[PDB]
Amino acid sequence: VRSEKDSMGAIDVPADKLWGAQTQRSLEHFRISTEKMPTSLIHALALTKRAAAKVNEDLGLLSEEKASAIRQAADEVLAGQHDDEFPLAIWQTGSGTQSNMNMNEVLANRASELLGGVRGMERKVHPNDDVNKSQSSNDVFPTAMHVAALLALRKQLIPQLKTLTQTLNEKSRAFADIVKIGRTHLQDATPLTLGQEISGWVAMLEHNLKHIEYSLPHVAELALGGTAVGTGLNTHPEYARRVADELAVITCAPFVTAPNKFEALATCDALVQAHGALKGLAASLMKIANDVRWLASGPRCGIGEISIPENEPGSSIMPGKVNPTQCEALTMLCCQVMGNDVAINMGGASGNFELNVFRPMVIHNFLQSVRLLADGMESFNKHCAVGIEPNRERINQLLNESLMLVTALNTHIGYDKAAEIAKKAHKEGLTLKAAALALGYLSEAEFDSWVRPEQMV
């Protein structure tokens, strides 16, 4: 152990840990469930502390060595060597006060070691005085939240979306000439090509990308600089703009300071809205994933128009039986995003006065949705999408058995003659040709020259 100290007194802290007293004490008051802060949030919080250090130094508010050590300590968190120094549960103070201190304490104890070498009360860097300089838990957590979200969106989900789109766009191109029977209300309908159907999946993904991109500008607005209530009391007038510019410099993302800090602190609106676009993508992905599994159902008693890769071990006595596992993982996580959206909306609508204190819950759900969506699309693409192949013989079989093509005959034989063979064929269990020949309305050769599915699109 090691006795660390805060305004309430001294408390025992594991010697091999970098956190201080406040983190240790919160660890006892909030022993709820098992959800902790996500790594991406922790790194976004480190990035925030680093940019803040750099700006403070620029404004002569922090000495060269003090600032340089905090930033250097931050890079270690980013390097991933302090993942185990953040034990706090998601279910803490609604402002994310604890996790802010947790970062301040780990960064203070470590920056101290990077200078003199005291981890503990005799440290050279103060968590509150130096690490948390020109800030507040009120404006730091919201900033970390936006940094984590924008970056997760820009380099984790969007790349995977564009990738799924390209694979499906190529599959669409390759199967452009394969005509199949359409289905409306789950009933046989007018034919269309396999590529046309898949092109629908592609159009959907392109539309979604568009909707996700419109929600980025609002998420790119940072609260850092509004301090406690948004007035920005006790901070350099240039601090807000400066910290935003620095964060943008290092992340290469379009971060800007929020034009209205009161809106930035009082709400989680940017994320409520951004998640609206995500549940939209989940509804799209659910339909695409559903189409795939149904299209691949069988091998004998389903639809079986396409085949997908069999990734899980099977049985020799069970040839052709392939459970659509990737489709099941994607549909399941799509339900999660829908649920997460309700949690986010309830927390986002519950702000009071100057601050919204439902933040840890909101970012937990939001980050999880991006993670699920991005990884789900990656897994779906790699283990399923690239392997979509048409069962051409099965597709032809179905096409020739349906009555939906009887429309192509009308231009030669009126509705009367056409509807005649479709009635008998259906009653006797005959195909359009079989029935047409028996009713002597035309020959096989004429049938085969009149019913051209490739011409009815």
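Numbers for residues come from their place in the sequence shown, where the first is 1.
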**Q.** Greater mean Cα temperature factor according to the PDB record, 198 to 206 or 67 to 75
**A.** 67 to 75
Q: Between 151 to 159 and 112 to 120, point out the one with the higher average CA B-factor as the PDB entry records it.
A: 112 to 120
Q: Could you say which of 244, 373, 306, 318 has its CA atom at the highest B factor, as listed in the PDB entry?
A: 318
Q | Options 37, 45, 418, 398 - largest CA temperature factor per the record | A | 418
Q. Taking the C-alpha B-factors as the PDB entry records them, is residue 191 in the lowest, middle or highest third of its chain?
A. middle
Q: State the tercile, meaning the lowest, middle or highest third, of residue 87 with respect to the CA B-factors recorded for its chain.
A: middle
Q. C-alpha B factor of residue 329, ranked within the chain: lowest, middle or highest third?
A. lowest
Q: Select lowest, middle or highest to describe the third in which the CA B-factor of residue 236 falls within its chain in this entry.
A: highest
Q. Where does residue 291 sit by CA temperature factor within its chain: lowest, middle or highest third?
A. lowest
